[PDB]
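Below you'll find only one chain, the form solved without the partner chain, shown as structure tokens.
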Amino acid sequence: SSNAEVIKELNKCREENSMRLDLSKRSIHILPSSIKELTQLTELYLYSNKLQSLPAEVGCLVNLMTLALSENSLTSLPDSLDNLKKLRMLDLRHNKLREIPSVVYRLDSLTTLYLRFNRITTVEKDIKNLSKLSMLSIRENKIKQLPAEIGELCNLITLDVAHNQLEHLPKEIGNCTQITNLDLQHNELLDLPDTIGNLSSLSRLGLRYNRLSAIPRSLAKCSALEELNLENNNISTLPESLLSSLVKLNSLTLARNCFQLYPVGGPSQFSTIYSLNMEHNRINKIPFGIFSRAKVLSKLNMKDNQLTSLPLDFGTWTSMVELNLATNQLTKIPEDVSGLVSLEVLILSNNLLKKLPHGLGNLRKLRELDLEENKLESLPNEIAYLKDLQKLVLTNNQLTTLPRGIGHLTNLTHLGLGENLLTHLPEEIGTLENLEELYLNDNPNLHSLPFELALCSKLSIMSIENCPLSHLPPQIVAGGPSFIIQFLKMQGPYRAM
């Protein structure tokens, strides 16, 4: 972009006396000093350019309120910006700064300051001069510690310091009582200050990917929290009565932390939570009656744990919609499962299940049932009642035959039967009118396919690898699933139709 275009637009802005000037996305390398004349400017946009400095004449724009400089190559700012006593927003993201430019600390009128994607390493104590600051985003820098003077930003509402190197938070942060969004994820925090509980207005607290070994109990004062995501830390236990005090908390994630037992605090500590994710831990037992007050608990994720049995109150979980028990040590499913009348998704992959209970047939709302990597010897006949079942994954088991009720899963689109010991498919496979995918790969004893498989008019993916299929002609089997479906139509009773 030629500079002469920029000069012409600058003249156009002068004549129009536009309170707004937008020079963004013009690959400007250097800016003309004539900018001095545009004293009427209240908004100046310069984002997505190649600027490496600003001219000191920018400080002449004493009426300027918004200055957007993001997505540049700046390393400093001219000291003349101190004249902008009306500047409310300063945007300096993706800009290759190594320190907050000193002139920024003197802009006592700022309410919004963006410094993302820069190589800033510390916030100096002069941050207190920005007493009117309500938005501070110093995300994605190399900051190792925050100054205690951060606590004088009493008007701060959102503090976004994610993807930094904070080891501890300054205890003074509690004096910022108007904070509602505190993003601290992808840091190296080792503990949280007890004064965090003074942020009584806090609704969003981002803590995942840090190194916290515990949570302060004073956090229980932050009753405005709606989501507590504590993923990827060392938390092994929660403070007693922490959960039961967060009466707005609807999403709890305690994943990838070192929990061996469920959090202490009794059934009342889950009474307001829609979703509980406790994956990748070492919990070996779900306590009896733990969800007795969890009237709105819909999603329970227990993947990658050490559950050896389900609690005997399992059937009481009427409200449950999605239950994930994958990568555990379960040897059986209690008949009580029939109480889960609202259950829609049941993930049981990577367990030690040999049989499924009769009660599996009462899961009238079950749509997805994943049973991959178990030791299943057979399917119960009641499988025929899962009329809303759409996905039935049975890969890597010891299944040998399918019950004739399998054809009653009229809503089934996915039937995964890979890595099993199947000898035949039942002829009722042909009533799966909506069957779209049928995986039969690695069935060493599947020597034939029923003619009725030709009635599955939507079947669009089928795996036959490492199946003998010896009752089918060698040329047809080598021709792939297209030729086998064609062969079963024309040699079967359904050709003339």
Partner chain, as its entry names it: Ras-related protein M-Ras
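Numbering follows the first chain given and starts at 1. So that the term is clear: the rigid core is the largest set of C-alpha atoms that superpose within 1.5 Å between two forms.
- 345 to 353 and 214 to 222 differ in mean CA B-factor, and the higher of the two is recorded for 214 to 222.
- As the entry records it, the average C-alpha temperature factor is higher for 7 to 15, out of 7 to 15 and 480 to 488.
- Taking the PDB entry at face value, the top CA B factor among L41, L446, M462, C456 belongs to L41.
- When the CA B factors of the chain's modelled residues are split into thirds, the value for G339 lands in the middle one.
- For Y439, the recorded CA temperature factor ranks within the lowest third of the chain's modelled residues.
- Ranked by Cα temperature factor within the chain, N328 sits in the lowest third according to the deposited record.
- Ranked by Cα temperature factor within the chain, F259 sits in the lowest third according to the deposited record.
- When all modelled residues of the chain are sorted by CA temperature factor, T158 is found within the middle third.
Keep in mind that the form solved in complex with the partner chain is not shown, yet the notes after this line are about it.
- In summary, the region of this chain contacting the partner chain in the entry with it bound, judged by heavy atoms within 4.5 Å and restricted to 31 to 39, 424 to 432, 447 to 455, 65 to 73, corresponds to 65 to 73.
- Contact check for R14: every heavy atom lies farther than 4.5 Å from the partner chain in the entry with it bound.
- Under a 4.5 angstroms non-hydrogen atom cutoff, the partner chain in the entry with it bound has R204 among its neighbouring residues.
- For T158, a non-hydrogen atom is located within 4.5 Å of the partner chain in the entry with it bound, even though that partner is not displayed.
- Put simply, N181 is close to the partner chain in the entry with it bound: some heavy atom of it is within 4.5 Å.
- Proximity to the partner chain in the entry with it bound, defined as a heavy atom within 4.5 Å, holds among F314, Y114, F270, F259 only for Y114.
- Checking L190, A224, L307, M135 for any heavy atom within 4.5 Å of the partner chain in the entry with it bound turns up a single hit: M135.
- Once both forms are fitted on their core, a CA shift of 2 Å or more is seen for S27 between this form and the one not shown.
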